[PDB]
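Residue numbers (the entry's author numbering), protein chains in the order written: chain H, 1 to 52, 52A, 53 to 82, 82A to 82C, 83 to 100, 100A to 100B, 101 to 113; chain A, 1 to 31, 31A, 32 to 82, 82A to 82C, 83 to 100, 100A to 100B, 101 to 112; chain G, 177 to 602; chain B, 1 to 30, 30A to 30D, 31 to 104; chain L, 1 to 103; chain C, 1 to 31, 31A, 32 to 82, 82A to 82C, 83 to 100, 100A to 100C, 101 to 113; chain D, 1 to 30, 32 to 106. C-beta atoms are modelled at their ideal positions from N, C-alpha and C, and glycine is treated no differently.
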Amino acid sequence: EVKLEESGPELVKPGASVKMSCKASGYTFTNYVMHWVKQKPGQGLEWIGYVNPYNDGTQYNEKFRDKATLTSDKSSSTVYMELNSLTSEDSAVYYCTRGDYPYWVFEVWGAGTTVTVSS
Amino acid sequence: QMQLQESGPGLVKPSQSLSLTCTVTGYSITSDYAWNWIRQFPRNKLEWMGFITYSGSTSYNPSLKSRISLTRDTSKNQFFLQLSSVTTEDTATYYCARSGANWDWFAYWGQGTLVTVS
Amino acid sequence: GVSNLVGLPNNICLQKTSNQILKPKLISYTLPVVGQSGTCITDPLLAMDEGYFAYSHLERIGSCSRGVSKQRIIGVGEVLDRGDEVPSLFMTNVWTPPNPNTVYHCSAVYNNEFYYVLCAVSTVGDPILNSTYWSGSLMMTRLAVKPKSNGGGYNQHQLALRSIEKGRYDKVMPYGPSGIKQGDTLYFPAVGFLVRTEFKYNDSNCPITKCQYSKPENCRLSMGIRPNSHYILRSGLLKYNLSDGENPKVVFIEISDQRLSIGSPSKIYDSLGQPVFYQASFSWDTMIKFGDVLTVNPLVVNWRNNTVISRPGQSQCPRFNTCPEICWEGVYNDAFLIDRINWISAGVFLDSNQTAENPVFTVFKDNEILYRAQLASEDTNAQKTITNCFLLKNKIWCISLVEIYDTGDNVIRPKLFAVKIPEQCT
Amino acid sequence: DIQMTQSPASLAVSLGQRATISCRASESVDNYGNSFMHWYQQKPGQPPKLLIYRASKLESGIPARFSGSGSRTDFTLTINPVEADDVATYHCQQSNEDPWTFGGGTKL
Amino acid sequence: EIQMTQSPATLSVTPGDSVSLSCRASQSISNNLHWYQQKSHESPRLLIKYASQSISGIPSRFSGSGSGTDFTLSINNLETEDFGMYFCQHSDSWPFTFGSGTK
Amino acid sequence: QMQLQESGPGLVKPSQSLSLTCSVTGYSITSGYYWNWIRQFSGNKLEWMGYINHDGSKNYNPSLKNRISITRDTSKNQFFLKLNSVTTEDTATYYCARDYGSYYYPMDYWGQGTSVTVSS
Amino acid sequence: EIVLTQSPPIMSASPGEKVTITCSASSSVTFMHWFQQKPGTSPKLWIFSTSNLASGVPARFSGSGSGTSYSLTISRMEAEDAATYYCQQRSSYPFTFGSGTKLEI
Ligand SMILES: *[C@@H]1O[C@H](CO)[C@@H](O)[C@H](O)[C@H]1NC(C)=O
Ligand SMILES: *[C@@H]1O[C@H](CO)[C@@H](O)[C@H](O)[C@H]1NC(C)=O
Ligand SMILES: *[C@@H]1O[C@H](CO)[C@@H](O)[C@H](O)[C@H]1NC(C)=O
Ligand SMILES: *[C@@H]1O[C@H](CO)[C@@H](O)[C@H](O)[C@H]1NC(C)=O
Ligand SMILES: *[C@@H]1O[C@H](CO)[C@@H](O)[C@H](O)[C@H]1NC(C)=O
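So this is what it looks like as structure tokens:
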């Protein structure tokens, strides 16, 4: 079964940096890209950006280009997201999705890991 | 009907120009098929020397390629054969023919004109 | 409605599947004439750009090799929807050279509603195998993809060549099917005949490590069609700046020295907003040589590290051969890139070890073939394949010309296959 | 250049008898299952007339007694029967390779 | 980027009814938008790919339609398991944007 | 665009070596054309002195093969004609040119030439 | 040394009339370039190969010929065409030239 598992909910002070993990199991990890999508509580979804693990090729949103970086490793078949200097408007849940039918349809979704940026 | 009829001088000087003309009646030259110029030696040995297609392309005999030139005339609906440096053995009965439906056989032939080099 | 290949890949299959998900269709640029046979079509040329195409062929009567040349056809036209969401070539402008035996190795480029075909005039034969006596003459034909009713020189024009810049090379000749445009500049694929004595090669540079049967000079004597050949063939581009002046210079841009093989039929095509260069493998290295173009001038090509697609050779240089041995043999099986994210490309490749037969349309990654479809029987002989992919009504369609000489035909002609990159991966 | 030799050069046949002419091609004129051999009849004082095209097919209006057969190197032309209209010269022409060399002549 | 506007923002459906949700685009997207459904405290799940195609594991009531600018998601014989948030995401321009949301 | 400029002694004593230097501006000798010397006498008759190729291969007129030397200098980007023995029949204008040899497109660009006079 | 010769050594042409200049070769040559030279001016390539006009040459010029005989043809000569035309062979070394000037009237 294609299962994406997100690192458990964070608790981050403002001005710090946070790294979330998402592990992919049940399939060849270096054949489909992996997207990261933001959702504020009570608001709509925002696509942050994707990483291709076959060649480590990343592409970000314009609003999230200087805010997030996306890495991946095929040794553990895992994707990583690092956010730096988070304003307190980043208390939100993050989803790791699998791009299928090319790479822009998010069929398989992760559990969703939530981070809260407050003092 | 396409009666091809040849013409031109029947007596040419050696090491000169051999100009021959074929007129096609009843058909258009620049419509389809290929128009061949074929010579027959006095020993009844026929030889193919070239054709000109409907689009203006010319294919020549490799052994005559330096001397032979086939040209066309759309307005008069004729086609001309030119042979440079005609020698003594080039005396022959010349025919102009239409290539057939598959272009490798000569369906109708002209009456032919005898050219003597003397 | 045919446009160039741009944008993101949407609604296709780009995963490895063993199912028969590819459905090729037998398209034709013209209807076959009934009750006609006994002619052979050689040296085909198919080039595609912005919904327009050009074709060129030498139709001979009799033998395929040394029969009588019936005609040479260079014709451009529009690539339109044929009625059932399938693209077929539609010829509009046709031209025939008056001397079909002297025209060799045409090379076709689109730029601004005209199509520039650059060929080589040669009264000595094919300018590759008896290049020492070749004059070096070329020809440029401008064919309008939209021909007006009374245009005169607009429909068919012969641009005179007067200024040839070629540098150190003794002669140059266009040596491939299709090139690109960059603004007003035409980049034809081409080759340059250099003399062998001034060919600068480090004999310790070519990799001879993995094979115990290769002397380390074979990489240099394999750079010509003979070990003792006068000329070596260096591939590259020929540049024609149409705003250079009254008589533009035609400038030879040599290929980069990295992964240097012999000059073979090459092709540069603008895929997904960037040029991709494919050089054929007419040499010891039989893996497919194609890759991104880092710079057009000078020609630097980031070659793909492809391990799964190769070409059928002959004896002493088979398929999947990597050791440097002296051979000038091979086939032109091009690949058109359809996805720049994973570098997935589609093309027709022949699937036999020593024999040029079994054309299979293969969509493949760098080191994995995704899915393939047989265009004919397993023992059907095919020689040279030209694939061009595009977007028709937001669907990726690849039109491929294959030199299929299937048994039982009374006429020999390349077959045209429209293969849609399939929407659903099941 | 395929050298073409047809035999016999001097052939005389009585009326109502089968006439046989055998043409030798120095190379092969069959390439993709197509036989590029043609038989022409040339009456004296007249241009040659196409009798048989592609070595097995009869021209329109030509009587069916003229029958061409054979393949590869060797071809044959058979007349069954003859009459007082076959006094002509018969040529076998190849068209597989350049040039399209004709044959010699048959005096019949 | 292209803004996906979902209409109406909130909806009230008695079970057993048929409901249509509209997704509008600022630019013209060819056929590339996808319909997702997300329940309370759940990750979104895919319903419709490329505005017309249905994926496995989904009931056939969720039907997509439309091309260009206006797109429609139609649900027939609706039951209590269809209540939640619905999104449309385009996939032709590079900044993939989700819609505002529909109840 | 490039220019070729010939320089050398205009007056040369008989039976003395004659030297000309043709300087090239705007192009490279080692990557390019065939660089020739051509001599045109007092009567309007040109005679091809010889060439040096871009690789360094040197070709001479067989009527002059015992006296002519066409060497080159890449760092100064210029090439020299040296005549070992000069008689009164060498009073002529000398041109340095570039072309492509027996190529179909020679593109002969010629320098303006210098009139070398041989007398006493 | 293939020895070329141009048949009218001092051809005279009144302006506007059709004029033809012929170069004859001692043996067979594939090419015959034509150079134009004015007094006080280095020769310039005018017709390269056999019939190919060079860069900047007016369209009134037309080359022709084959084997050992080649021709330079001007359909309508103007006042600017009073020069000296030479034929050069490049088939076999050495390269050889000719002579032959033009007149205004
Ligand atoms: C190459 O072409 C020239 C053209 O004249 C010919 O003389 C020569 O024999 C040819 N060489 C071959 C076919 O090997
Ligand atoms: C050829 O390559 C070898 C590799 O070590 C190098 O030592 C040698 O100098 C090279 N020869 C040249 C650059 O002429
Ligand atoms: C073509 O020529 C124009 C002007 O002559 C120049 O601006 C342009 O850069 C040229 N294109 C090239 C060198 O690719
Ligand atoms: C191919 O591999 C070489 C090293 O073997 C590397 O330098 C090059 O970047 C690779 N090219 C691509 C397109 O991956
Ligand atoms: C030759 O064909 C066999 C199977 O028929 C294949 O396994 C082998 O790899 C081929 N040879 C090479 C050198 O790839």
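Helix, strand or coil at residue i [DSSP, three-state]
i, result
"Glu-393(G)", "coil"
"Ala-84(D)", "coil"
"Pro-52A(H)", "coil"
"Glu-6(H)", "strand"
"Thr-30(A)", "coil"
"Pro-403(G)", "coil"
"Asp-86(C)", "helix"
"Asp-70(B)", "strand"
"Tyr-309(G)", "helix"
"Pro-44(B)", "strand"
"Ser-93(D)", "coil"
Short Cβ contact (8 Å threshold) for residue i with residue j
i, j, result
"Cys-574(G)", "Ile-197(G)", "no"
"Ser-100(D)", "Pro-9(D)", "yes"
"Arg-242(G)", "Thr-218(G)", "no"
"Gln-6(L)", "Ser-74(L)", "no"
"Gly-8(A)", "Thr-21(A)", "yes"
"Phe-36(D)", "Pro-100B(C)", "no"
"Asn-31(H)", "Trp-47(H)", "no"
"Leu-46(L)", "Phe-100B(H)", "yes"
"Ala-511(G)", "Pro-535(G)", "no"
Residue i to residue j span [Cα, whole Å]
i, j, result
"residue 613(G)", "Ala-101(A)", "The shown model of chain G, from 177 to 602, leaves out residue 613(G), and the question about it has no answer."
"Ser-74(C)", "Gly-55(C)", "14 Å"
"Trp-504(G)", "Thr-70(A)", "40 Å"
"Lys-39(L)", "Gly-84(L)", "5 Å"
"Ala-25(B)", "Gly-312(G)", "38 Å"
"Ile-203(G)", "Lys-591(G)", "8 Å"
"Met-33(B)", "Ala-51(B)", "5 Å"
"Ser-70(D)", "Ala-25(D)", "6 Å"
"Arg-18(B)", "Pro-41(A)", "29 Å"
"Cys-189(G)", "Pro-98(H)", "7 Å"
"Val-18(H)", "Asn-82A(H)", "7 Å"
C-beta neighbour in chain B for residue i, strict 8 Å
i, result
"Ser-239(G)", "yes"
"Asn-76(A)", "no"
Chain C within 8 Å of residue i, Cβ atoms only
i, result
"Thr-22(D)", "no"
"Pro-8(D)", "no"
"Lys-45(D)", "yes"
Below-8 Å beta-carbon distance, residue i vs any chain L residue
i, result
"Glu-5(H)", "no"
Top-ranked residue by Cα proximity to residue i, from the options
i, options, result
"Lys-45(D)", "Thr-20(D), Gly-68(D), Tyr-86(D) and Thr-74(D)", "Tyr-86(D)"
"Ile-67(A)", "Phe-40(A), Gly-49(A), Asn-35(A) and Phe-78(A)", "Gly-49(A)"
"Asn-518(G)", "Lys-192(G), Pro-403(G) and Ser-179(G)", "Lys-192(G)"
"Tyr-581(G)", "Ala-594(G), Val-255(G), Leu-567(G) and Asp-555(G)", "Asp-555(G)"
"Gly-489(G)", "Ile-514(G), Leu-470(G), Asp-461(G) and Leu-475(G)", "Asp-461(G)"
"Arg-64(H)", "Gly-42(H), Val-89(H), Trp-36(H) and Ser-76(H)", "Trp-36(H)"
"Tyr-330(G)", "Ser-339(G), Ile-340(G) and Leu-319(G)", "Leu-319(G)"
"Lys-44(C)", "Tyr-90(C), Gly-31A(C), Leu-82(C) and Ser-28(C)", "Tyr-90(C)"
"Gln-530(G)", "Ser-486(G), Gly-584(G) and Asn-570(G)", "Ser-486(G)"
Min CB distance residue i to chain D below 8 Å
i, result
"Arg-338(G)", "yes"
"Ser-313(G)", "yes"
"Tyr-27(C)", "no"
"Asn-423(G)", "yes"
Any chain A beta carbon closer than 8 Å to residue i
i, result
"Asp-81(B)", "no"
Minimum Cβ-Cβ distance from residue i to chain G less than 8 Å
i, result
"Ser-58(A)", "yes"
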